[PDB]
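Last residue of the sequence shown: number 602 in the authors' numbering, and the count goes up by one each step with no gaps.
Written out below as structure tokens is the structure these notes cover.
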Amino acid sequence: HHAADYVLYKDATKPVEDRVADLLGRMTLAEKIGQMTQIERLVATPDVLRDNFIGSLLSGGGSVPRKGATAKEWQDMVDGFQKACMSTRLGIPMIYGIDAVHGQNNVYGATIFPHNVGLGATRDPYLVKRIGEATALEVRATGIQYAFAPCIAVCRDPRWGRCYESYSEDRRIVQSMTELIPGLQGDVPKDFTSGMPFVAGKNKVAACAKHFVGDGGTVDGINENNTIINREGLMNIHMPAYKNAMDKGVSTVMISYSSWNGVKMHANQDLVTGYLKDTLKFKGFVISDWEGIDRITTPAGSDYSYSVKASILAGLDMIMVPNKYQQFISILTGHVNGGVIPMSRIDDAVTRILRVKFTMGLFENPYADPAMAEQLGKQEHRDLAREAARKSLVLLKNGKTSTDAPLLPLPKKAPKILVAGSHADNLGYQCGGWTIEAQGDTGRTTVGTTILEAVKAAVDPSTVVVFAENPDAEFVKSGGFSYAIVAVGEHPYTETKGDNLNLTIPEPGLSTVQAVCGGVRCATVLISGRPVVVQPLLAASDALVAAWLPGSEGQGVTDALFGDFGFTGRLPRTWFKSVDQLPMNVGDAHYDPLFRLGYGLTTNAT
Ligand SMILES: CO[C@@H]1O[C@H](CO)[C@@H](O)[C@H](O)[C@H]1S[C@@H]1O[C@H](CO)[C@@H](O)[C@H](O)[C@H]1O
């Protein structure tokens, strides 16, 4: 169509499939393998990106241009990488990915939304869609086009260090929360074919349904371990939400470190090619997890030639290397040159990668939009996170006896009140993992409102608010307090570091609740990624709230505590009596919960 130097793949008016085929047909082997290679920004330079025709970059947890970097600093970094990629012979733009799993959470000043388990407690898929929409904007504020979300694991054992990244042990709730996808990506057209990738344009991001499949079913909640279950169970529990993701046009799927009945997912041709691609008709691209192909072998990385062969033959399209790109490209190149991996497999991988890039508009808008920078931490997004935090809270107790006056909602006007506990004034603890760093961190790590700051912002001006992190019983008894709010719970974690067989919160936690509640009526706010041993905390407390990991907007907690809104959250997980019961999920033959899935007391707004 027209000009003398006309190149069909560069024509924005052409059908995506025609552009894919036109570009694919021009590519060298090095250009093709390049597209299949994703590298860490930490090993990227302009020459590396050009010389190896690199297809993608990512930031791993905490991989940031610097501490406290502005949105514009992120845009300038991503654009610098993109300029190198656009300078190659074919000018194929890279796609930049990041774990934006509860907001754009690596980024200083990004809105931090509640983690997925709390979102499950809301039973509000439209809320989650809106969170997807806000997250896409904050990711694009930083120049990034791809989010490694949603985690649609169905966590079947809360001893797993990623249980907080699962919306529920009930696959029906997880399925419902796949609305994150059209939030992040845009709603698909009316005519849409299930399994096709979709992103609306430059103000949306590619999403990633992860981790395929059965990541939430591992033995004893051991991260990256074995999921031992028959096909009927895999398909009944762990698979369904992937079909919902296909119906909603999820652009990518990431493979799990875990195994299914002893077969590494990263090597499972039957499930990746036979099921995901050939049965669900997935037409986006399949990405590895971080050194996921390395971990096919024991020890990991001990036969990388086999790792490349097994993963690429299984049907993976893009490999999150993420560091040793030279070894990966060299080995894959050798496998193709030796006929071990057919060109048909390379061409399929590249077809899918290009399909996503063309579909999302990346060839038309390869660079960041500086006008989007102000989306980062934008107050409307924080108001949304605040709504979400509030809706996530599950009221487990509100009065020690049925004769007692309900403690909650608390009055905003009282002469003097106490705020206490390790988690009352700690923004990092209330955000949990995947906040600034992978494992999270302690203290004021980003912009937000702690529980203490939220209480001070909510109460009548005549109300004196005292903070004591770990007061003794005498301090409380002598203080003249009307009531106390005491916040305790889990420290931030992710992945294997969070695997935990005991599920008891660290001390001082219980001792502080006991000291405070022994002296004055108390509302205990439990900050956790999962159910934890709770009977001792309940016994001490007048009221107790499961607040999960509510994120940067602590005023979501006080909105409910002080009756601006009624409590509405319902447990999205079984609360066990003892870890000896685990695994124990709703619908099990022997089901003896402390609180069943769906439990939640309510209050009315005052
Ligand atoms: C950021 O990657 C994590 O960090 C540690 C240390 O660098 C690695 O050893 C972990 O295996 C990965 S876990 C993996 O990270 C992906 C990219 O960040 C993420 O999308 C996925 O959900 C994780 O399983």
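The beta carbon of each residue, even a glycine, is placed where N, CA and C say it ideally should be.
Give the DSSP-derived three-state secondary structure of residue i in the structure shown.
| i | result |
| --- | --- |
| residue 604 | What is shown of the chain runs -3 to 602, which leaves residue 604 out entirely. |
| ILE327 | helix |
| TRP544 | strand |
| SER340 | helix |
| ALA65 | coil |
| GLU433 | strand |
| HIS207 | strand |
| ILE218 | coil |
| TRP571 | strand |
| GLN34 | strand |
| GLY93 | strand |
| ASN333 | helix |
| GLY229 | helix |
| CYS518 | strand |
| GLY179 | helix |
| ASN498 | coil |
| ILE349 | helix |
| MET173 | helix |
| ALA106 | coil |
| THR223 | strand |
| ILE88 | coil |
| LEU4 | helix |
Does at least one heavy atom of ligand 1 sit under 7 Å from the Cβ of residue i?
| i | result |
| --- | --- |
| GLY525 | no |
| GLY56 | yes |
| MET250 | yes |
| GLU503 | no |
| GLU491 | yes |
| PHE591 | no |
| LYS206 | yes |
| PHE194 | no |
| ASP437 | no |
| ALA434 | yes |
| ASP495 | no |
| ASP95 | yes |
| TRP571 | no |
| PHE359 | no |
| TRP286 | yes |
| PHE563 | no |
| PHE281 | no |
| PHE49 | no |
| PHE463 | no |
| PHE144 | yes |
Please check the pair residue i and residue j, which I expect to be a contact at CB under 8 Å, by giving their CB distance rounded to whole angstroms.
| i | j | result |
| --- | --- | --- |
| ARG440 | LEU414 | About 22 Å; that fails the 8 Å criterion. |
| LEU123 | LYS387 | 6 Å |
| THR446 | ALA420 | 7 Å |
| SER164 | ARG592 | Not quite, the Cβ-Cβ distance comes to about 13 Å (not below 8 Å), so this is no contact. |
| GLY64 | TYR104 | 5 Å |
| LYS279 | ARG351 | 6 Å |
| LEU567 | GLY550 | Rounded, the Cβ-Cβ distance is 22 Å, inconsistent with contact. |
| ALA106 | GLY373 | 6 Å |
| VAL553 | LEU389 | 7 Å |
| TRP256 | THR293 | Actually they are not in contact, since the Cβ atoms of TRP256 and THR293 sit about 17 Å apart, beyond 8 Å. |
| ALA369 | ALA137 | 5 Å |
Spatial neighbours of residue i within its chain, please: CB distance less than 7 Å, with the 5 preceding and 5 following residues excluded, ordered by chain position.
| i | result |
| --- | --- |
| residue 625 | For the chain, the structure presents residues -3 to 602; residue 625 sits outside this window and is missing. |
| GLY428 | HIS111, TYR160, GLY436, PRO488, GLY525, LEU545 |
| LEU557 | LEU404, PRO405, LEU406, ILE481, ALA519 |
| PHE477 | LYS412, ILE413, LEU414, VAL516 |
| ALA601 | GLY559, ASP560, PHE561, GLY562 |
| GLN171 | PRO236, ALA237, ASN240 |
| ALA511 | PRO467, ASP468, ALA469, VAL472 |
| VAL184 | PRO178, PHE194, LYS244, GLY245 |
| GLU360 | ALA8 |
| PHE354 | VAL12, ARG15, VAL16 |
| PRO579 | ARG152, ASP153 |
For residue i, which residues of its own chain have a beta-carbon under 8 Å away from its beta-carbon, when the five flanking residues on both sides are left out?
| i | result |
| --- | --- |
| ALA539 | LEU391, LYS393, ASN394, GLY395, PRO402, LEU403, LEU404, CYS518, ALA519, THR520 |
| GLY57 | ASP95, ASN102, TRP430, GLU433, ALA434, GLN435, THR490 |
If you drop the 5 nearest sequence neighbours on each side, which residues of the same chain put their C-beta closer than 6 Å to that of residue i?
| i | result |
| --- | --- |
| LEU328 | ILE29, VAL304 |
| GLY505 | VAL484 |
| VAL529 | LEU499, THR500 |
| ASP14 | none |
| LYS206 | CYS147, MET250 |
### Task
Inspect the CB distances between the segment 458 to 476 and the segment 508 to 519 and report whether three or more fall short of 8 Å.
yes
### Task
State whether the segment 112 to 132 contacts the segment 571 to 585, with contact taken as three or more CB pairs (one from each stretch) at a distance under 8 Å.
no
### Query
Are there three or more Cβ pairs, one per stretch, closer than 8 Å when the segment 368 to 381 is compared with the segment 296 to 312?
no
### Task
For the segment 69 to 84 and the segment 146 to 161, state whether three or more C-beta atom pairs, one from each stretch, are separated by less than 8 Å.
no
### the segment 243 to 262 touching the segment 273 to 286, judged by at least three CB pairs closer than 8 Å
yes
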